[PDB]
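Written below as C-alpha cells is the structure these notes are about.
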Amino acid sequence: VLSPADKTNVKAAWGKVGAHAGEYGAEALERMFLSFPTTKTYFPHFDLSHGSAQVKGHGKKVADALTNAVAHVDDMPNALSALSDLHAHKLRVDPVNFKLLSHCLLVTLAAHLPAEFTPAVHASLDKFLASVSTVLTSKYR
Amino acid sequence: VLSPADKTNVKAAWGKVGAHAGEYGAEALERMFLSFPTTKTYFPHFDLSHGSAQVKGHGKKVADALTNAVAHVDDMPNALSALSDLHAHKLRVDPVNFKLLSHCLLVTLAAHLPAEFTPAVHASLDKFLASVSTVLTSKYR
Amino acid sequence: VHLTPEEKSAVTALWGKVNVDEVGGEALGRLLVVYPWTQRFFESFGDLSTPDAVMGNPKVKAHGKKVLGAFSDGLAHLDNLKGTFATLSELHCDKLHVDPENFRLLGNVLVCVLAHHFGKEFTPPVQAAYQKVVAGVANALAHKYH
Amino acid sequence: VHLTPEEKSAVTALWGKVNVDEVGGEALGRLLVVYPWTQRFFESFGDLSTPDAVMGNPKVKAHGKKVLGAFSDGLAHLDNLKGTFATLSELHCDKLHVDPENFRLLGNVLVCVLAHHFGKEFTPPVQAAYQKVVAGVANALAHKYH
Ligand code: HEM
Ligand code: HEM
Ligand code: HEM
Ligand code: HEM
Numbered sequence: 002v003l004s005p006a007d008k009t010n011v012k013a014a015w016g017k018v019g020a021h022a023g024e025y026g027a028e029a030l031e032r033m034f035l036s037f038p039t040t041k042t043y044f045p046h047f048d049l050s051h052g053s054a055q056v057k058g059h060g061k062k063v064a065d066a067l068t069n070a071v072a073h074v075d076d077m078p079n080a081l082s083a084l085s086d087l088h089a090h091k092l093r094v095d096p097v098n099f100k101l102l103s104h105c106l107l108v109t110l111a112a113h114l115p116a117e118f119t120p121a122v123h124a125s126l127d128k129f130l131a132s133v134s135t136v137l138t139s140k141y142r
Numbered sequence: 002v003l004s005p006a007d008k009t010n011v012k013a014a015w016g017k018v019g020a021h022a023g024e025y026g027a028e029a030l031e032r033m034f035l036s037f038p039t040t041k042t043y044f045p046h047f048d049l050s051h052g053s054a055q056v057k058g059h060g061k062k063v064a065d066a067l068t069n070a071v072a073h074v075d076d077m078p079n080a081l082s083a084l085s086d087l088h089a090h091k092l093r094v095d096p097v098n099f100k101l102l103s104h105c106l107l108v109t110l111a112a113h114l115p116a117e118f119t120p121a122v123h124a125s126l127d128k129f130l131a132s133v134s135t136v137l138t139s140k141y142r
Numbered sequence: 002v003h004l005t006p007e008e009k010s011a012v013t014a015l016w017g018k019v020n021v022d023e024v025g026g027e028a029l030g031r032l033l034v035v036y037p038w039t040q041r042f043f044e045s046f047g048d049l050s051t052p053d054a055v056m057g058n059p060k061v062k063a064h065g066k067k068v069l070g071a072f073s074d075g076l077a078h079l080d081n082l083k084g085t086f087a088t089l090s091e092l093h094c095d096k097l098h099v100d101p102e103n104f105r106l107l108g109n110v111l112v113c114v115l116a117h118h119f120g121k122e123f124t125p126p127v128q129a130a131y132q133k134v135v136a137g138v139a140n141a142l143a144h145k146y147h
Numbered sequence: 002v003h004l005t006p007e008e009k010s011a012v013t014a015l016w017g018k019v020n021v022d023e024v025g026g027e028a029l030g031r032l033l034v035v036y037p038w039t040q041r042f043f044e045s046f047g048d049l050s051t052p053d054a055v056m057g058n059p060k061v062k063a064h065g066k067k068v069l070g071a072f073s074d075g076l077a078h079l080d081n082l083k084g085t086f087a088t089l090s091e092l093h094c095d096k097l098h099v100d101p102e103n104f105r106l107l108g109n110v111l112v113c114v115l116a117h118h119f120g121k122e123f124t125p126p127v128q129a130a131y132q133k134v135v136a137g138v139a140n141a142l143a144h145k146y147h
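Chain order of the listed sequences is D, E, H and L.
When we follow full-length UniProt numbering, the leftmost residue of the first sequence carries the number 2, and every step to the right adds one.
When we follow full-length UniProt numbering, the leftmost residue of the second sequence carries the number 2, and every step to the right adds one.
When we follow full-length UniProt numbering, the leftmost residue of the third sequence carries the number 2, and every step to the right adds one.
When we follow full-length UniProt numbering, the leftmost residue of the fourth sequence carries the number 2, and every step to the right adds one.
Below, the structure written as C-alpha cells:
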C-alpha cells in the first residue's frame with residue numbers, strides 16, 4: 002500500500018524518464034537477462050543479445066506500462082487488467098521474477114538519475130514496483 | 002488482488018467460522034508459536050503456555066480483526082489503518098511472520114472445517130490473508 | 002532434522018493413516034490451484050483450467066504419488082536429507098529451475114492436506130513436528146542453490 | 002562463488018574505488034529506510050525515525066563500515082565464503098534470528114548503491130558479476146539455516 006508521499010515521489014522520479022523510456026526499460030531487461038539467466042526462459046524466441054532491437058522494443062513497452070501504472074496509481078488493478086491476464090493467466094510468470102526485474106529497474110534508475118534516487122525515493126520506487134508486481138501476478142477477473 | 006469470486010468465497014467461509022472465530026485465532030497463534038518458535042520474540046512478555054488466557058484473549062482480537070477485514074474487503078487499507086500502523090510502524094514485524102501466521106490460520110481452518118476447505122476456498126483464503134498481510138506490513142499514512 | 006522421540010512417534014503414527022494413493026495428488030493439485038504459476042511446470046499434464054479439472058486430472062494424481070513417495074522416503078532418512086534428495090535437487094534446481102520458495106509452498110500445502118484429513122489428530126505439537134520435516138525436505142531439494 | 006578471471010577483475014577494480022568510510026553506511030542506511038522492519042534489529046542505534054536521521058546516524062555509518070568490511074573479506078576469498086562467514090552466520094542466524102531474505106535484500110541494496118555511485122560504469126556485466134558475489138555472501142550468511 003502506497004503512502005501519499007510514495008505517490009508524490011514516484012510521479013516525480015518516473016516523470017524524469019520521459020523520452021528515455023525505451024532506453025531505460027531495455028537496460029533494465031538486459032540487466033535482468035544477464036544477472037539472472039533463468040528469466041530468459043520466458044522469452045524463448047527472442048533475440049536477447051546486447052543491443053538487440055527486440056529488447057529495445059520490449060523495453061519501451063515495459064516502461065510505457067509503468068507510465069500507465071503511475072497515471073492510475075490509485076486504481077491499478079483496473080488499469081493493468083490486460084497485463085495481469087497476460088503475465089498471470091497466460092504466461093504464468095513465477096512471482097520471484099518480478100522481484101528480479103524490479104531490482105534491475107531500480108539499478109537502472111539509480112545509474113541514470115543520481116540526484117533523484119535519494120533513500121526516500123528509492124523506498125517509494127521499491128514499494129511502487131512491488132505493487133505493480135502484485136497486480137501483474139494476481140488473477141482477479 | 003482478489004477476484005470477485007475470491008471475495009465471495011472468503012465471506013462464505015469466514016461466515017461459517019462464525020462464533021468460533023476467537024477459538025480459531027487462539028489456536029492459530031499457538032500453532033505459530035510452536036511450529037515457528039522465532040515468532041515468540043514478538044511476544045516476549047506473554048504467557049505463551051498451552052491454554053494461556055492471554056493467548057486466548059489475543060486470538061480473539063486477531064479473529065475480530067479478520068472479521069472486520071472481511072467486512073471491508075473492498076476497502077482494507079482504510080479499515081485496517083490503525084492495525085497497519087501498529088504492526089508496520091510500531092512493532093516493525095518482519096513480513097515473513099505474516100506468511101507463517103497465515104499458514105497457521107489455514108491449517109486451523111482445514112482442521113476444523115474440512116468440508117468447507119475446498120481447493121477453491123483454500124485458494125481464496127490464502128489470497129485474502131496475503132492481502133491482509135500486505136496491508137499490515139505497509140506504512141501508508 | 003532432529004525429532005524428539007515423542008515427535009518421531011507422533012509423525013509416524015499420523016503418516017501410517019495417510020492414503021498413499023491420494024494425498025500426494027491432493028497436495029500437488031492444491032499447489033497448482035492455490036499458486037497458479039506453478040502450472041507452468043506441468044504444461045504436458047493436460048487440463049488444469051479449473052480446480053475440479055486439476056484435482057481430477059489423472060496425471061496430477063499419478064505424479065502426486067511420486068511426490069508423496071519422496072516425502073515418505075525422507076521420513077526414513079531425516080538425518081541425511083541432503084544426501085537422499087541429491088538426485089531430486091539436481092532435477093528441480095539445475096534442470097527445471099524451480100524457484101525454491103515453491104518447495105516451501107508445496108510442503109505447507111501438504112501440511113494443510115494433513116490437517117484437512119486428520120482434524121483433531123493434527124494437533125499443534127504434531128504440526129510442529131511436520132513443519133520440521135517439510136522444512137528439511139524443502140532445504141534438501143534447494144541444496145543446489147545453497 | 003565461481004567468477005571468471007574477467008569477472009573477478011571487473012569486481013575487484015570497481016571495489017578499489019568504493020569509499021571504505023561511507024558506502025557500507027549508505028547501504029545499511031538504505032536497508033533501514035527501504036525495508037523498515039529491519040530497524041527492529043537496531044533498537045540501540047538511536048534515532049531511526051526519518052530517512053535523514055537514519056542516513057546521518059553515526060552508529061549506522063559506523064556499523065555500515067563493518068558490513069562493508071565483511072563484503073570485502075568475501076571478495077578476498079571467493080572460494081571460501083562459508084568459512085569466512087561462519088562466525089557471522091552463527092550470530093545472524095542462531096543468535097539474532099534474522100530472516101535470510103533480508104540478507105538478499107541488503108546485498109541488492111548494496112548493488113543499487115554501487116550503481117548510484119558509479120553511473121554508466123556499473124554496466125550490466127559488472128552488475129551480473131556483483132550479483133554472483135552478493136548471492137554468495139547471502140548464502141554464506143544463511144549457512145546455519147541450511
Ligand atoms: C514491472 C513489471 C513488468 C511490467 C510492467 C511488464 C510489462 C509488460 C508489457 C507492457 C508487455 C507487452 C504486452 C503486450 O504486448 O500487449 C509484456 C510482455 C511480456 N512480459 Fe512483462 N512486464 C513485467 C514483468 C515481467 C517479468 C518479470 C517477466 C518474466 C521474467 C515478464 C515476461 C513477459 C513476457 C514473456 C512477455 C511477452 C513477450 C512476447 O512473447 O511477446 N514480464 N510485459
Ligand atoms: C492476519 C494477520 C494479523 C492480524 C489480523 C493481527 C491482528 C492484531 C490485533 C487485532 C492486535 C491487537 C491490537 C490492539 O488491540 O492494540 C495485534 C497485536 C499484536 N500483533 Fe498482530 N496481527 C497479525 C499478524 C501478526 C504477526 C505475524 C505478528 C508477529 C509474528 C504480530 C505481532 C503482534 C504483536 C506483538 C502485537 C501486540 C501484542 C501486545 O504486546 O499486546 N501480529 N495484532
Ligand atoms: C517440495 C517437495 C517436492 C518433492 C518431494 C518433489 C518430488 C518430485 C519427484 C519424486 C519427481 C519425479 C522425479 C523423477 O521422475 O525422476 C518430481 C518431478 C518433478 N517436479 Fe517435483 N517435487 C517437489 C517440489 C516441486 C515443485 C514445487 C515443483 C514446481 C512446479 C516441481 C516440479 C516438478 C516437475 C516439473 C517434475 C517433472 C514432471 C514431469 O515428469 O514432467 N516439484 N518431483
Ligand atoms: C547480508 C549481508 C550482511 C553482512 C555482510 C553483515 C555483516 C555484519 C557484521 C560484520 C556485523 C558485526 C559483527 C560483530 O561485530 O561481531 C554484523 C552485526 C549485526 N548485523 Fe549484520 N550483516 C548482514 C546482514 C544483516 C541484516 C539483513 C540484518 C538485519 C535485518 C543484520 C543485523 C545485524 C545486527 C543486529 C548486528 C549486531 C548489531 C549490534 O552490535 O548491536 N545483518 N553484521
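Ideal Cβ positions, reconstructed from N, Cα and C, are used throughout, including at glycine.
Please classify residue i: does DSSP put it in a helix, a strand, or coil?
| i | result |
| --- | --- |
| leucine 30(D) | helix |
| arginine 41(H) | helix |
| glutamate 27(L) | helix |
| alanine 77(H) | coil |
| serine 82(E) | helix |
| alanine 143(H) | coil |
| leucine 107(H) | helix |
| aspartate 22(L) | coil |
| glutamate 117(D) | coil |
| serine 103(E) | helix |
| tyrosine 131(L) | helix |
| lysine 62(D) | helix |
| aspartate 95(D) | coil |
| residue 174(L) | There is simply no residue 174(L) to check, as chain L begins at 2 and stops at 147 in what is shown. |
| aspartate 53(H) | helix |
| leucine 49(E) | coil |
| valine 61(H) | helix |
| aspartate 127(E) | helix |
| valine 2(L) | coil |
Comparing alpha-carbon positions, which option in the options lies nearest residue i?
| i | options | result |
| --- | --- | --- |
| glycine 26(H) | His117(H), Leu142(H), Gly70(H), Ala63(H) | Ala63(H) |
| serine 50(H) | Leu102(D), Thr138(D), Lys91(D) | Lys91(D) |
| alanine 89(D) | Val136(D), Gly26(D), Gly16(D) | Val136(D) |
| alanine 28(H) | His3(H), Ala54(H), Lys66(H), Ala14(H) | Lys66(H) |
| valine 35(H) | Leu89(H), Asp22(H), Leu107(H) | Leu107(H) |
| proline 5(D) | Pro78(E), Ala111(E), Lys61(E) | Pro78(E) |
| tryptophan 16(H) | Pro125(H), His118(H), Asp53(H), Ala139(H) | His118(H) |
| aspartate 22(L) | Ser73(L), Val12(L), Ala87(L), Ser45(L) | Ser73(L) |
| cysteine 105(E) | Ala124(E), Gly16(E), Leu35(E), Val133(E) | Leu35(E) |
| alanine 139(L) | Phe123(L), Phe104(L), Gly120(L) | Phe104(L) |
| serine 82(D) | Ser134(D), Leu126(D), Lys8(D) | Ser134(D) |
Let me confirm a value: residue i is counted as buried when at least 16 other C-beta atoms fall within 10 Å, else exposed. Which label applies?
| i | result |
| --- | --- |
| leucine 115(H) | buried |
| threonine 109(E) | buried |
| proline 38(E) | exposed |
| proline 52(L) | buried |
| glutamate 7(H) | exposed |
| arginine 142(D) | exposed |
| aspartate 48(L) | exposed |
| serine 10(H) | exposed |
| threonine 42(D) | exposed |
| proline 125(H) | buried |
| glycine 30(H) | buried |
| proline 59(L) | exposed |
| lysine 128(D) | buried |
| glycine 57(H) | exposed |
| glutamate 91(L) | exposed |
| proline 45(D) | exposed |
Quick one: list the residues of chain A neighbouring residue i, beta-carbon separation under 7 angstroms, in chain order.
| i | result |
| --- | --- |
| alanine 124(D) | No chain A appears in this structure, whose protein chains are D, E, H and L. |
Notebook entry, point to check: If you measure from each residue's Cβ to the nearest non-hydrogen atom of ligand 3, which ones come out under 7 angstroms, in chain order?
Noted result: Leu32(H), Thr39(H), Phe42(H), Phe43(H), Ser45(H), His64(H), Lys67(H), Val68(H), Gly70(H), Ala71(H), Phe72(H), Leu89(H), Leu92(H), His93(H), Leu97(H), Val99(H), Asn103(H), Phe104(H), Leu106(H), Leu107(H), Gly108(H), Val138(H), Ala139(H), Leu142(H)
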